[PDB]
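*Asks:* partial complex here, more coming in a sec:
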Amino acid sequence: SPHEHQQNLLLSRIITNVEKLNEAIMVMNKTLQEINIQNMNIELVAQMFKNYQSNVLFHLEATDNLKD
């Protein structure tokens, strides 16, 4: 019985920490979701310069390349 009271009280502070933790995590995921939208643009441009480098390399190798 007294042990149970102690356990219930510790469980109460536990549950409060649980809810606070998860609320912060909700904010975390929400933040990342909003961020995500501001990343696809950059990703596209990254792949654009990537394939640019790839294709220009292939063509330079085709012509008189001037590498090492």
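*Replies:* On my side now, so go ahead. Residues are numbered from 1 along each chain as shown, chains lettered A, B, ... in the order given.

*Asks:* make it CA atoms for all contacts and neighbour counts henceforth
*Replies:* Noted.

*Asks:* what sits against residue A:50?
*Replies:* By Cα atoms under 8 Å, 6 or more residues apart in numbering, residue A:50 lies in contact with nothing.

*Asks:* okay, it and residue A:43: tell me how far apart.
*Replies:* 10 Å (Cα to Cα, to the nearest Å).

*Asks:* and if you look at residue A:49?
*Replies:* Residue A:49 is 10 Å from residue A:43, by Cα to Cα.

*Asks:* the longest helix along chain A: how far from the chain's middle?
*Replies:* Looking across chain A with DSSP state H, the single longest helix is helix A:2-37. Relative to its parent chain, helix A:2-37 has a centroid offset of 21 Å by Cα atoms, centre = their mean, to the nearest Å.

*Asks:* next up, chain B:
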Amino acid sequence: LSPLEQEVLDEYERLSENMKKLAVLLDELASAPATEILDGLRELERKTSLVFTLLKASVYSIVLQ
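*Replies:* Take a look at chain B, now in place beside the chains above:
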């Protein structure tokens, strides 16, 4: 008539001289750069494609993929 002679002679002399200048100048002016122009321009195609045509390539590749 000596005045008529002088007129037609001098005038046609100028015309013949100018036509010789025309032939030489026109031929060199329009022959010499022409080869240089097309050579540099075929090379220009080979170069400009590596900035613009590849831009179209990358754009098509990304938009399609």
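
*Asks:* element containing residue A:64, please.
*Replies:* Using DSSP states H and E, residue A:64 falls within no helix or strand.

*Asks:* could you check how far it is from chain B?
*Replies:* Counting by Cα to the nearest Cα, to the nearest Å, the separation of residue A:64 from chain B is 11 Å.

*Asks:* and after the longest helix of chain A, which helix or strand comes next?
*Replies:* Moving toward the C-terminus from helix A:2-37, the next helix or strand (DSSP H and E) is helix A:40-62.

*Asks:* hmm, that following helix touching chain B?
*Replies:* Yes: using Cα under 8 Å from any Cα of the partner chain, helix A:40-62 reaches chain B at A:44, A:47, A:48, A:51, A:52, A:55, A:56, A:59.
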